[PDB]
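Pasted below: coords_7.pdb, PDB, C-alpha atoms.
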```pdb
ATOM      1  CA  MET A   1     -11.903 149.915  28.541  1.00  0.00           C
ATOM      2  CA  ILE A   2     -11.427 148.551  32.059  1.00  0.00           C
ATOM      3  CA  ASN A   3      -7.810 148.114  33.145  1.00  0.00           C
ATOM      4  CA  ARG A   4      -6.138 146.964  36.360  1.00  0.00           C
ATOM      5  CA  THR A   5      -4.657 150.089  37.937  1.00  0.00           C
ATOM      6  CA  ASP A   6      -2.722 150.412  41.193  1.00  0.00           C
ATOM      7  CA  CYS A   7      -4.826 153.420  42.184  1.00  0.00           C
ATOM      8  CA  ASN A   8      -3.097 156.435  40.644  1.00  0.00           C
ATOM      9  CA  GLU A   9      -5.677 158.921  41.913  1.00  0.00           C
ATOM     10  CA  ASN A  10      -8.624 159.059  44.311  1.00  0.00           C
ATOM     11  CA  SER A  11     -12.288 158.151  43.867  1.00  0.00           C
ATOM     12  CA  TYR A  12     -12.247 154.771  42.128  1.00  0.00           C
ATOM     13  CA  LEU A  13     -13.359 151.159  42.551  1.00  0.00           C
ATOM     14  CA  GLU A  14     -11.034 148.918  44.556  1.00  0.00           C
ATOM     15  CA  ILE A  15     -11.286 145.254  45.540  1.00  0.00           C
ATOM     16  CA  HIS A  16      -9.081 143.608  48.165  1.00  0.00           C
ATOM     17  CA  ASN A  17      -9.691 139.885  48.636  1.00  0.00           C
ATOM     18  CA  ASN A  18      -7.732 137.189  50.465  1.00  0.00           C
ATOM     19  CA  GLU A  19      -8.252 139.146  53.682  1.00  0.00           C
ATOM     20  CA  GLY A  20      -6.645 142.164  52.020  1.00  0.00           C
ATOM     21  CA  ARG A  21      -3.841 140.257  50.302  1.00  0.00           C
ATOM     22  CA  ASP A  22      -4.298 141.407  46.708  1.00  0.00           C
ATOM     23  CA  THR A  23      -6.022 144.694  45.887  1.00  0.00           C
ATOM     24  CA  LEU A  24      -7.277 145.697  42.442  1.00  0.00           C
ATOM     25  CA  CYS A  25      -8.023 149.311  41.521  1.00  0.00           C
ATOM     26  CA  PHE A  26     -10.190 149.782  38.433  1.00  0.00           C
ATOM     27  CA  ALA A  27     -10.980 153.007  36.582  1.00  0.00           C
ATOM     28  CA  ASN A  28     -13.011 154.275  33.629  1.00  0.00           C
ATOM     29  CA  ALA A  29     -16.650 153.302  33.116  1.00  0.00           C
ATOM     30  CA  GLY A  30     -15.163 150.429  31.118  1.00  0.00           C
ATOM     31  CA  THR A  31     -16.697 147.031  31.857  1.00  0.00           C
ATOM     32  CA  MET A  32     -14.848 143.715  31.673  1.00  0.00           C
ATOM     33  CA  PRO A  33     -15.095 140.234  33.215  1.00  0.00           C
ATOM     34  CA  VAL A  34     -12.906 139.809  36.295  1.00  0.00           C
ATOM     35  CA  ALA A  35     -12.213 137.026  38.790  1.00  0.00           C
ATOM     36  CA  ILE A  36     -11.853 137.908  42.471  1.00  0.00           C
ATOM     37  CA  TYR A  37     -11.963 135.115  45.048  1.00  0.00           C
ATOM     38  CA  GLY A  38     -12.131 135.915  48.761  1.00  0.00           C
ATOM     39  CA  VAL A  39     -13.845 139.309  48.736  1.00  0.00           C
ATOM     40  CA  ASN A  40     -13.445 140.921  52.155  1.00  0.00           C
ATOM     41  CA  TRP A  41     -14.110 144.551  51.242  1.00  0.00           C
ATOM     42  CA  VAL A  42     -14.439 146.766  48.172  1.00  0.00           C
ATOM     43  CA  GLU A  43     -13.969 150.510  47.712  1.00  0.00           C
ATOM     44  CA  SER A  44     -16.199 152.809  45.662  1.00  0.00           C
ATOM     45  CA  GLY A  45     -15.042 156.416  45.340  1.00  0.00           C
ATOM     46  CA  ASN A  46     -17.526 159.121  44.358  1.00  0.00           C
ATOM     47  CA  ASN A  47     -18.616 156.895  41.475  1.00  0.00           C
ATOM     48  CA  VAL A  48     -21.317 154.278  40.920  1.00  0.00           C
ATOM     49  CA  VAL A  49     -19.961 150.894  39.840  1.00  0.00           C
ATOM     50  CA  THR A  50     -21.633 147.491  39.572  1.00  0.00           C
ATOM     51  CA  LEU A  51     -19.800 144.407  40.831  1.00  0.00           C
ATOM     52  CA  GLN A  52     -20.634 141.011  39.340  1.00  0.00           C
ATOM     53  CA  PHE A  53     -19.483 138.072  41.461  1.00  0.00           C
ATOM     54  CA  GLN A  54     -20.668 134.502  42.015  1.00  0.00           C
ATOM     55  CA  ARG A  55     -21.530 133.812  45.653  1.00  0.00           C
ATOM     56  CA  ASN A  56     -21.311 130.023  45.425  1.00  0.00           C
ATOM     57  CA  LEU A  57     -19.079 128.247  42.910  1.00  0.00           C
ATOM     58  CA  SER A  58     -20.792 124.854  42.885  1.00  0.00           C
ATOM     59  CA  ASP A  59     -24.082 126.623  42.180  1.00  0.00           C
ATOM     60  CA  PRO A  60     -24.535 129.388  39.589  1.00  0.00           C
ATOM     61  CA  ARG A  61     -25.601 131.665  42.442  1.00  0.00           C
ATOM     62  CA  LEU A  62     -25.015 134.984  40.681  1.00  0.00           C
ATOM     63  CA  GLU A  63     -25.063 138.069  42.904  1.00  0.00           C
ATOM     64  CA  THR A  64     -24.965 141.751  41.966  1.00  0.00           C
ATOM     65  CA  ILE A  65     -24.022 144.673  44.209  1.00  0.00           C
ATOM     66  CA  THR A  66     -24.168 148.390  43.432  1.00  0.00           C
ATOM     67  CA  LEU A  67     -21.579 150.599  45.126  1.00  0.00           C
ATOM     68  CA  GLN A  68     -22.613 154.206  45.737  1.00  0.00           C
ATOM     69  CA  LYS A  69     -20.339 157.243  45.995  1.00  0.00           C
ATOM     70  CA  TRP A  70     -17.586 156.529  48.516  1.00  0.00           C
ATOM     71  CA  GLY A  71     -19.236 153.140  49.009  1.00  0.00           C
ATOM     72  CA  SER A  72     -17.374 150.125  50.387  1.00  0.00           C
ATOM     73  CA  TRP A  73     -17.959 146.379  50.664  1.00  0.00           C
ATOM     74  CA  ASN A  74     -17.016 144.015  53.487  1.00  0.00           C
ATOM     75  CA  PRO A  75     -18.694 140.612  53.085  1.00  0.00           C
ATOM     76  CA  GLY A  76     -16.254 137.965  54.305  1.00  0.00           C
ATOM     77  CA  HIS A  77     -13.986 136.459  51.650  1.00  0.00           C
ATOM     78  CA  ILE A  78     -15.925 135.933  48.420  1.00  0.00           C
ATOM     79  CA  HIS A  79     -15.390 132.902  46.186  1.00  0.00           C
ATOM     80  CA  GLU A  80     -14.277 134.720  43.039  1.00  0.00           C
ATOM     81  CA  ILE A  81     -15.276 137.739  40.955  1.00  0.00           C
ATOM     82  CA  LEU A  82     -16.946 137.029  37.613  1.00  0.00           C
ATOM     83  CA  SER A  83     -16.967 140.409  35.873  1.00  0.00           C
ATOM     84  CA  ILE A  84     -16.841 144.130  36.646  1.00  0.00           C
ATOM     85  CA  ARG A  85     -19.129 146.811  35.220  1.00  0.00           C
ATOM     86  CA  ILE A  86     -18.503 150.543  35.603  1.00  0.00           C
ATOM     87  CA  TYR A  87     -21.140 153.219  35.020  1.00  0.00           C
TER
END
```

Could you take the file, read its structure, and then write that structure out as structure tokens?
Amino acid sequence: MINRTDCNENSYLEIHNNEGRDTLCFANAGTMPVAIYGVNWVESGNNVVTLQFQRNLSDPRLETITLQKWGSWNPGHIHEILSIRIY
């Protein structure tokens, strides 16, 4: 069961969009649909997590990214997050 946590520990998946305006720390292998627009960077503690976001909104341009241990993401403001899957 995926739940929005404010990072209570270390080594988890985090997503800060809006140029680092709103961050979202997720935990547990749980997997649920999420919406994150303006993805600038994402954290990935010593855990593998899959991020499901739609590059373009107008077009169903689905894009998947796998974050490795202590992996991070820094695209440049992503439209919005579709769902989040944790391994």

Quiz prompt | Nearby residues (all atoms listed in the file) at most 7 Å from stretch 59-75 of chain A, same-chain spacing under 6 positions excluded, as a PyMOL selection string | solution = chain A and resi 39-53

Listed atoms of stretch 19-31 of chain A boxed along x, y and z, 8 Å each side, centre and edge lengths in Å, one decimal, as AutoDock Vina command-line options:
```
--center_x -10.3 --center_y 146.7 --center_z 42.4 --size_x 28.9 --size_y 31.1 --size_z 38.6
```

Exercise. Counting all atoms listed in the file, find the residues whose atoms lie at most 6 Å from (-15.0, 136.2, 40.4) (file coordinates) and write them out as a VMD selection string.
Key: chain A and resid 34 to 37 53 80 to 82

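Between atom CA of residue A:14 and atom CA of residue A:58 the interatomic distance comes to 26.0 Å.
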
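Here the PyMOL selection byres ((chain A and resi 25) around 12) matches the residues residues 2, 3, 4, 5, 6, 7, 8, 9, 10, 11, 12, 13, 14, 15, 16, 17, 22, 23, 24, 26, 27, 28, 34, 42, 43, 44, 45 and 84 of chain A.
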
I'd like a table as a Markdown table: residues in stretch 62-81 of chain A with an atom no more than 9 Å from stretch 18-21 of chain A, each row giving the shortest atom pair and its distance in Å to one decimal, all atoms listed in the file counted, sorted by chain and rising residue number.
```
| residue | atom | partner | partner_atom | distance |
| --- | --- | --- | --- | --- |
| A:76 | CA | A:19 | CA | 8.1 |
| A:77 | CA | A:18 | CA | 6.4 |
| A:78 | CA | A:18 | CA | 8.5 |
```

Could you list the residues chosen by the PyMOL selection byres ((chain A and resi 31) around 8) in this structure as a PDB file with C-alpha atoms, in the frame of the given file?
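Output file expr-v4.pdb is given in full below:
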```pdb
ATOM      1  CA  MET A   1     -11.903 149.915  28.541  1.00  0.00           C
ATOM      2  CA  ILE A   2     -11.427 148.551  32.059  1.00  0.00           C
ATOM      3  CA  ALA A  29     -16.650 153.302  33.116  1.00  0.00           C
ATOM      4  CA  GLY A  30     -15.163 150.429  31.118  1.00  0.00           C
ATOM      5  CA  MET A  32     -14.848 143.715  31.673  1.00  0.00           C
ATOM      6  CA  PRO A  33     -15.095 140.234  33.215  1.00  0.00           C
ATOM      7  CA  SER A  83     -16.967 140.409  35.873  1.00  0.00           C
ATOM      8  CA  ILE A  84     -16.841 144.130  36.646  1.00  0.00           C
ATOM      9  CA  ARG A  85     -19.129 146.811  35.220  1.00  0.00           C
ATOM     10  CA  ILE A  86     -18.503 150.543  35.603  1.00  0.00           C
TER      11      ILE A  86
END
```
